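**Student:** Encoded as structure tokens, here's the structure I'll be asking about.
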Amino acid sequence: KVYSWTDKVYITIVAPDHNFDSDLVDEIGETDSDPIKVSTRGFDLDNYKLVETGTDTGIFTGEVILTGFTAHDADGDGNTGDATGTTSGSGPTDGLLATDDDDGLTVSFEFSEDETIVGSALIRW
Amino acid sequence: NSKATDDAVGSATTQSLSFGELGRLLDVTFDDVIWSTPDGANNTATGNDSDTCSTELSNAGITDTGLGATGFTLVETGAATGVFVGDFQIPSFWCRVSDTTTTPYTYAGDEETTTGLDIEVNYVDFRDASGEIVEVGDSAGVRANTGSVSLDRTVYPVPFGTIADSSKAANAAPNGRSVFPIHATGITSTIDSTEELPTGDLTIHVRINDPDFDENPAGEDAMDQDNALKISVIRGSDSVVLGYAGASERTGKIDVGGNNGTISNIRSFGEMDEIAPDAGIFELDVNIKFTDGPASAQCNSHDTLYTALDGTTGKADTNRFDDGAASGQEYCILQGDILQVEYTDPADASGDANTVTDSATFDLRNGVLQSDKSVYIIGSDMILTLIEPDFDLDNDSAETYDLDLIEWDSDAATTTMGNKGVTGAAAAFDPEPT
Amino acid sequence: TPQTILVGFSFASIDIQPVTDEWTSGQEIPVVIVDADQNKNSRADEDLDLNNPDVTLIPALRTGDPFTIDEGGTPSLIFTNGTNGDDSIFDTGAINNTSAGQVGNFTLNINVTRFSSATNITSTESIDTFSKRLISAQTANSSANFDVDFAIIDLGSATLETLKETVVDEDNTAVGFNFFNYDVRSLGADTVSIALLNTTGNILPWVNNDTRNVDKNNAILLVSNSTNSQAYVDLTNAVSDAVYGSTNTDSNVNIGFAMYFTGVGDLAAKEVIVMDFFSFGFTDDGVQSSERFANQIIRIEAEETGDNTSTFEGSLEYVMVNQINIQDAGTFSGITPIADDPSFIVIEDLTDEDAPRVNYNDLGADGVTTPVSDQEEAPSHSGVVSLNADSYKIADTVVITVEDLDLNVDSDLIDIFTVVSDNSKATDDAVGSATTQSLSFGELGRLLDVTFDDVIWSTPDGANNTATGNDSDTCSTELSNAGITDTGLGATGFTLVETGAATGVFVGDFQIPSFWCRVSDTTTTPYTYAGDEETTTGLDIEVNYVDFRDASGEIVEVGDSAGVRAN
């Protein structure tokens, strides 16, 4: 529920409705019709794919790493660049997100048009 | 390509009816899409990039571009068995058909990896048990395994160099250089090439466990994916990459923090070789020099000479690294530095890109002698045991180091007991091994 | 009743079956290959052959990075008819290890007007993934008027940089030899000549000395008018010197391979050219694995078991190099690279991921060219030397039993080890070879020594045996007066002889003399002996077998101890 910066979060989704094929590992968040929206309080990633853990399990799993922001000397040595602040990634495993030291994670999932289920998290020291 | 039954089992002649195509006998489908090789004038699509699907498949080395390419045909088991057996090998890359509503088929401009997709066959039965057309097929999935990377040891010793790796004048003491000479009495006013330990480039072996690359269950396999393995050294907020593995072996320099966008300028260690024909584990032997590390001001004690990694014979900094070290700082490895290996799995259990990491920490430990007993009869056998971790440079082999590191100190004489000692010394002990 | 013929491939399975649980040195073990694709005749025996283009696939084994024909990519090969001329290395050059004799310039004139299209005979080039064989596809013209003499082939983008990784400088390395193996039997030429070309420009088309002077020298002769198309010859030091004999940048100069032959006036549809480079040896102390290298490629000529049997049978031989033969080029040149029972060199106890693995491509039943491979470990053993008794009398006929399977270098011949008799060399009166290099672990040529009172037993010889001791009689004269003809190890004729063809245990013996001459000091060569002899009774007789490769595969000094009893 609570994360720090330069941390990785495992996102799990239990969506039996999207298990379209038993012999095919189904995916969500790939298209604009079925989007996955991960977001902080200032940064977000669009069209983030999520992958089923099993071929016929109905559970989708993926992780995103919070890269933080480069405008801080966390180590205290006197130079920036302690965290490679970069927002990128569209697959299920290569998501990179920038996050302030005081921020909040938000993951939103859509199962039908004009309907969205969301999840929340917070960022502290 | 002209006939609507292209890449389908059957005959070229085909008529369109209410039950499909007359000439269509058996089809194989990935993600409910017929697997066909790009051909004709409808395969000009290039997709998100400028490379055509057929050219992409040719570059990937996949000669199984379609059912016809594999030569898959149905053959009866016997003269009158009535059971037909056919087979083919699943390619790693396939070209998806954009639309099946036109002949010849219009193919997509980019290929996709078949892992995770469901492979389905469809045998068109002209006469069912009641004697009419019934569509029957079977379903299966193209499995894939998550990649994993492992390192031999949790910790590794700090590598050391020789006198020839420093531009400083000859001295009887290291003077802060990365030199490992004998105890002072073994040196005569100047440390030369005959009175120091050989180069201490530790050889780390990287191992991955990816069953996907084990295409041959009882044959040689090699990880041919380009730049799938990244070897790097990190010291806090700064990072340096040793090189890349998986692509063809090539000459290159050392990049710092991945700043060099062009990947062809990075050193390549070649393709990893499978340890055993039925193991699926690939091992690559790579040696790390004492200079292959992030720049720091603590290493200015040695005016380091950097061995060239490119084709030039110069000893300058730019010969080994993409950029010169900062003024007042030199590339090196300190105690506590973290050694990490990066491997990008082209297909995990979900059949996509995945990054796995393993980490090791550089460390230096004290040395302590030991003996089987305290008292010894003159002329007896002394089992001189040295226990010290940092001399284990390679875990796959047992190295040897000069006995001159130990010294004799007694009322009789003071000598290093080795070849650098006094006349007649080394003969007196008769080391076994030397 | 009609009957049909079905065309279908099969899945192969190459297996290596050792006669026991360990593949020790000097043990020929069968290699079994079951492949129905190569059984193309049900009424005869099909033997694999590199020289036969019909035999498409041959199993291969390689170690290190040998310089094959395709190290620089896909080569380009052409054929040419004409005369070499007087300013050519093929005619003037000869094998004499001389710079002028073996290194020069290559010139030619081309007269291809009578040929088809009046152009040089180009060809289609293909390379096998494991045997590395080059298959040349061209027009199968066999007319009587056809006459071709030359053949020039370029190794793609290969340069001196791609050659120096395998070819080493024999003058600078402590131990190093270069070998050239070629197979041109498919050409059917009466005489074969091969030369190495180096130039900073393109090889095709070729140039002449009278035309341009860009390169000071561009020809290095290797083979001159050999009557055998199959040959595994040791390259002379001149070739190694010429490889490093140019001051220009090695990456800026390309390499080319030249052919001159006669009696080849007919060319088949497919022709095969196989000629690689071999290299073995070590540098400086040679204890670490980084300085040990053995670059070679081995191809097995499997022979069909029966007329209609898909099982092809072969065998593999391997010799584990020791401290005695590491400095002799004959043991490296004595192996067979291309034969039904080939042999190869092993420099280190290759186990686990580095174990000797044989590779063989195959067309499976599905139709893919999947490879099948097998490997067998070739570890080392810790040599153990001991004496039959704890104590010995005068002339008790002591016998030395050495059990170490790595010294067996042939399962056919009886392996023996003589004793060195040469005062100049530092290994005088020691088992081994006259050649000896000084390293951190002692002497390279020192295999086994016998010591009384921890002093090596050697016969007085040379100019350092003039000492007379407390009396006026020299040690050699004193021994002669005493009637002791066993003045040293060499005098007794003590040599190591293997118990059997492949036992791996060596037995040697000698009689303990009553009087022996003590060596005053071992710090000089030849040894300086004491002026008086002393009776060996009561002294401890100790042997020392120098083990080049221990169980972990490195040098460990092991010996045994005994005393000369007296009553």
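**Student:** Conditions first: (1) farther than 23 Å from B:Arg250 by Cα; (2) under 19 Å from the mean Cα position of the chain (by Cα). B:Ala326 passes all but one, so which condition is the exception?
**Tutor:** Unmet condition: (2).
**Student:** Could you tell me which residue of region A:7-18 is nearest to the other protein chains (Cβ to nearest Cβ), considering only residues that are in a strand (DSSP E or B) and not aromatic (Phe, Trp, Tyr)?
**Tutor:** Going through region A:7-18, the residues in a strand (DSSP E or B) turn out to be A:7-14.
In the following step, the residues that additionally are not aromatic (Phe, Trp, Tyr) were identified as A:7-9, A:11-14.
Working: A:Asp7: 15, A:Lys8: 11, A:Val9: 15, A:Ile11: 13, A:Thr12: 13, A:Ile13: 13, A:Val14: 16 Å.
Checked region A:7-18; the qualifying residue nearest to the other protein chains (Cβ to nearest Cβ) is A:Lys8.
**Student:** Where residues in region B:339-361 are within 27 Å of B:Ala308 (Cα to Cα) and within 14 Å of chain A (Cβ to nearest Cβ), which of them is surrounded by the most Cβ atoms within 10 Å (Cβ to Cβ)?
**Tutor:** Top of the filtered list is B:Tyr343.
**Student:** Out of the residues in region A:86-103 that are farther than 9 Å from A:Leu66 by Cβ and outside any loop (DSSP other than H, G, I, E, B), which is farthest from the other protein chains (Cβ to nearest Cβ)?
**Tutor:** Of all residues in region A:86-103, those farther than 9 Å from A:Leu66 by Cβ come to A:86-95, A:100-102.
If we keep only those that are outside any loop (DSSP other than H, G, I, E, B) as well, we get A:88, A:95.
Numbers: A:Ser88: 13, A:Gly95: 11 Å.
Ranking the candidates gives A:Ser88 first.
**Student:** For region C:265-283, does any single residue satisfy the condition of being within 29 Å of C:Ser229 (Cβ to Cβ), touching a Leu at 6+ places or on another chain (Cβ under 6 Å) and in a strand (DSSP E or B)? Talk me through it step by step, then tell me what you get.
**Tutor:** Quick first cut of region C:265-283, residues within 29 Å of C:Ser229 (Cβ to Cβ) only: C:265-281.
Adding the requirement that they be touching a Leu at 6+ places or on another chain (Cβ under 6 Å) leaves C:273-274.
Adding the requirement that they be in a strand (DSSP E or B) leaves C:273-274.
The answer is yes, given that some residue of region C:265-283 is within 29 Å of C:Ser229 (Cβ to Cβ), touching a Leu at 6+ places or on another chain (Cβ under 6 Å) and in a strand (DSSP E or B).
**Student:** Hey, another quick one. If you go through region B:233-270 one residue at a time, how many are of a type in the set (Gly, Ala, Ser), assigned to a strand (DSSP E or B) and surrounded by 21 or more Cβ atoms within 10 Å (Cβ to Cβ)? Steps first, answer last, please.
**Tutor:** Here is the first cut: in region B:233-270, the ones of a type in the set (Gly, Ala, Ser) are B:236-237, B:239, B:243, B:245-248, B:252, B:257-258, B:261, B:264, B:268, B:270.
Still in the running and assigned to a strand (DSSP E or B): B:239, B:243, B:245, B:268.
Those still in the list that are surrounded by 21 or more Cβ atoms within 10 Å (Cβ to Cβ) too: B:243, B:245.
Selection size over region B:233-270: 2.
**Student:** Taking into account only those residues within region B:94-131 that are surrounded by fewer than 18 Cβ atoms within 10 Å (Cβ to Cβ) and among the aromatic types (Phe, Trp, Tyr), which is nearest to B:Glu56 (Cα to Cα)?
**Tutor:** Of everything passing the filter in region B:94-131, B:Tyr123 is nearest to B:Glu56 (Cα to Cα).
**Student:** Could you grab me the full set of residues in region B:160-187 that are closer than 20 Å to B:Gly293 by Cα, among the hydrophobic types (A, V, I, L, M, F, W, C) and touching a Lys or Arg at 6+ places or on another chain (Cβ under 8 Å)?
**Tutor:** B:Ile163
**Student:** Sticking with this one: Among the residues of region B:397-431, which ones are assigned to a loop (DSSP other than H, G, I, E, B), out of contact with any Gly (no Cβ under 7 Å at 6 or more places or on another chain) and polar (S, T, N, Q)? Step through it out loud before you land on a result.
**Tutor:** Start the filter on region B:397-431 by keeping residues that are assigned to a loop (DSSP other than H, G, I, E, B), which leaves B:397-402, B:406-407, B:410-413, B:416-424, B:430-431.
This time we only want the ones that are out of contact with any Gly (no Cβ under 7 Å at 6 or more places or on another chain), so: B:397-401, B:406-407, B:410-413, B:417-419, B:421-424, B:430-431.
Matches in region B:397-431: B:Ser397, B:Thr400, B:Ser410, B:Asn419, B:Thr423.
**Student:** Continuing with the same structure: Within region B:197-231, which residues are in a strand (DSSP E or B), more than 20 Å from B:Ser350 (Cα to Cα) and within 13 Å of another protein chain (Cβ to nearest Cβ)? Before you say what the answer is, go through the steps one by one.
**Tutor:** Of all residues in region B:197-231, those in a strand (DSSP E or B) come to B:200, B:202-209, B:222-223, B:229-231.
Adding the requirement that they be more than 20 Å from B:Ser350 (Cα to Cα) leaves B:200, B:202-207, B:222, B:230-231.
B:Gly200, B:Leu202, B:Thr203, B:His205, B:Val206, B:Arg207, B:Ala222, listed by residue number.
**Student:** Follow-up question, since we're still on this one. Look through C:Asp45, C:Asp37, C:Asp70, C:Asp21 and report the one residue that is buried (at least 16 other Cβ atoms within 10 Å of the Cβ) and outside any helix (DSSP H, G or I). Steps first, please.
**Tutor:** Working: C:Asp45 fails: buried (at least 16 other Cβ atoms within 10 Å of the Cβ); C:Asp37 fails: outside any helix (DSSP H, G or I); C:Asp21 fails: buried (at least 16 other Cβ atoms within 10 Å of the Cβ).
Testing whether each residue is buried (at least 16 other Cβ atoms within 10 Å of the Cβ) and outside any helix (DSSP H, G or I) leaves just C:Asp70.
**Student:** Does region B:68-75 contain any residue that is touching a helix residue (DSSP H, G or I) at 6+ places or on another chain (Cβ under 7 Å) and among the small types (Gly, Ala, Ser)? Break it down into steps so the answer makes sense when it comes.
**Tutor:** Quick first cut of region B:68-75, residues touching a helix residue (DSSP H, G or I) at 6+ places or on another chain (Cβ under 7 Å) only: none.
No, because not a single residue in region B:68-75 is touching a helix residue (DSSP H, G or I) at 6+ places or on another chain (Cβ under 7 Å) and among the small types (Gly, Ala, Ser).
**Student:** What number of residues in region A:19-46 are surrounded by 14 or more Cβ atoms within 10 Å (Cβ to Cβ), more than 14 Å from chain B (Cβ to nearest Cβ) and either of a type outside the set (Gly, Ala, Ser) or farther than 18 Å from A:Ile117 by Cβ (or both)?
**Tutor:** Total meeting the criteria: 10.
**Student:** In this structure, does B:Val375 turn out to be within 14 Å of another protein chain (Cβ to nearest Cβ), free of Cβ contacts under 8 Å to residues at least 12 places away in the same chain and at negative phi?
**Tutor:** Working: within 14 Å of another protein chain (Cβ to nearest Cβ): no; free of Cβ contacts under 8 Å to residues at least 12 places away in the same chain: yes; at negative phi: yes.
For B:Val375, the condition - within 14 Å of another protein chain (Cβ to nearest Cβ), free of Cβ contacts under 8 Å to residues at least 12 places away in the same chain and at negative phi - is not met.
**Student:** May I pose another question? Does region C:94-113 contain at least one residue that is in contact with a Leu (Cβ under 8 Å, 6 or more places away or on another chain) and among the β-branched types (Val, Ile, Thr)?
**Tutor:** Yes - at least one qualifying residue is present in region C:94-113.
**Student:** Regarding B:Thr434, is this residue assigned to a loop (DSSP other than H, G, I, E, B), more than 14 Å from chain A (Cβ to nearest Cβ) and farther than 25 Å from B:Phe180 by Cβ?
**Tutor:** Working: assigned to a loop (DSSP other than H, G, I, E, B): yes; more than 14 Å from chain A (Cβ to nearest Cβ): yes; farther than 25 Å from B:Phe180 by Cβ: no.
It is false that B:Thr434 is assigned to a loop (DSSP other than H, G, I, E, B), more than 14 Å from chain A (Cβ to nearest Cβ) and farther than 25 Å from B:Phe180 by Cβ.
**Student:** Determine if region C:526-534 includes at least one residue that is crowded, with 22+ Cβ neighbours inside 10 Å, more than 26 Å from C:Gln437 (Cβ to Cβ) and not small (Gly, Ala, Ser).
**Tutor:** yes
**Student:** Suppose we filter C:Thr466, C:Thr525 for residues that are free of Cβ contacts under 8 Å to residues at least 12 places away in the same chain and under 18 Å from C:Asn423 (Cα atoms); which single one remains?
**Tutor:** On the way: C:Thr525 fails: free of Cβ contacts under 8 Å to residues at least 12 places away in the same chain.
Being free of Cβ contacts under 8 Å to residues at least 12 places away in the same chain and under 18 Å from C:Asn423 (Cα atoms) holds for just one of C:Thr466, C:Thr525, which is C:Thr466.
**Student:** Let me spell it out: the conditions are (1) under 29 Å from the mean Cα position of the chain (by Cα); (2) outside any strand (DSSP E or B), and B:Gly40 meets all of them except one. Which number is the exception?
**Tutor:** Condition (1) is where B:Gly40 drops out.
**Student:** Restricting the search to region A:47-85, which residues are assigned to a loop (DSSP other than H, G, I, E, B), more than 10 Å from every other protein chain (Cβ to nearest Cβ) and of a type in the set (A, V, I, L, M)?
**Tutor:** Hit for region A:47-85 is A:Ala71, nothing else.
**Student:** Just need a number here: residues in region C:317-367 that are within 16 Å of C:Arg292 (Cβ to Cβ), part of a loop (DSSP other than H, G, I, E, B) and more than 14 Å from chain B (Cβ to nearest Cβ).
**Tutor:** 2
**Student:** So which residues in region B:17-67 are within 25 Å of B:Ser139 (Cα to Cα) and charged (D, E, K, R)? Even if it seems obvious, please write down each step before you answer.
**Tutor:** Looking only at region B:17-67, we keep the residues that are within 25 Å of B:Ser139 (Cα to Cα), and these are B:18-38, B:62-67.
B:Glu21, B:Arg24, B:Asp27, B:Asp31, B:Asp32, B:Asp64 - these are the residues of region B:17-67 that are within 25 Å of B:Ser139 (Cα to Cα) and charged (D, E, K, R).
**Student:** Okay, next question. Working only within region B:385-434, note down all residues that are polar (S, T, N, Q), within 29 Å of C:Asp449 (Cβ to Cβ) and touching a residue at least 40 places away in the same chain (Cβ under 8 Å).
**Tutor:** Within region B:385-434, B:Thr415, B:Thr416 meet the criteria.
**Student:** While we're on this one: Only residues that are facing chain C (nearest Cβ under 10 Å) and part of a loop (DSSP other than H, G, I, E, B): list them for region B:271-300, please.
**Tutor:** Those that are facing chain C (nearest Cβ under 10 Å) and part of a loop (DSSP other than H, G, I, E, B): B:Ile275, B:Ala276, B:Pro277, B:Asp278, B:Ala279.
**Student:** Among the residues of region C:430-461, how many are within 14 Å of chain B (Cβ to nearest Cβ) and either in contact with a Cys (Cβ under 9 Å, 6 or more places away or on another chain) or on the phi > 0 side of the Ramachandran plot (or both)?
**Tutor:** 3
**Student:** Six or more apart or on different chains, Cβ atoms under 7 Å: show the pairs whose first residue is in region B:105-125 and within 23 Å of B:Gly40 (Cβ to Cβ) and more than 12 Å from chain A (Cβ to nearest Cβ) and whose second is assigned to a loop (DSSP other than H, G, I, E, B) and of a type in the set (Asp, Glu).
**Tutor:** Short answer, once both residue conditions are applied: B:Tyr105/B:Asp6; B:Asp110/B:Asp49.
**Student:** Take the conditions out of contact with any helix residue (DSSP H, G or I) (no Cβ under 8 Å at 6 or more places or on another chain), part of a loop (DSSP other than H, G, I, E, B) and in contact (Cβ under 8 Å) with a residue 12 or more places away in the chain and apply them to B:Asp348. Does it pass?
**Tutor:** Numbers: out of contact with any helix residue (DSSP H, G or I) (no Cβ under 8 Å at 6 or more places or on another chain): yes; part of a loop (DSSP other than H, G, I, E, B): yes; in contact (Cβ under 8 Å) with a residue 12 or more places away in the chain: yes.
In short, yes.
**Student:** Search region C:441-473 for residues being outside any strand (DSSP E or B), among the aliphatic types (A, V, I, L, M) and in contact with a helix residue (DSSP H, G or I) (Cβ under 9 Å, 6 or more places away or on another chain), and hand back the single one that is nearest to C:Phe515 (Cα to Cα).
**Tutor:** Residues of region C:441-473 that are outside any strand (DSSP E or B), as a first pass: C:441, C:444-445, C:453-454, C:457-473.
Next, from what is left, pick out any that are among the aliphatic types (A, V, I, L, M): C:444, C:463, C:467.
If we keep only those that are in contact with a helix residue (DSSP H, G or I) (Cβ under 9 Å, 6 or more places away or on another chain) too, we end up with C:444, C:467.
Numbers: C:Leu444: 30, C:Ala467: 17 Å.
Result: C:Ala467.
In this analysis, Cβ positions are derived from the backbone assuming ideal geometry, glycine residues included, and neighbour counts consider all displayed protein chains. Values quoted throughout were computed directly from the atomic coordinates according to the rules given, and no laboratory measurement underlies them.
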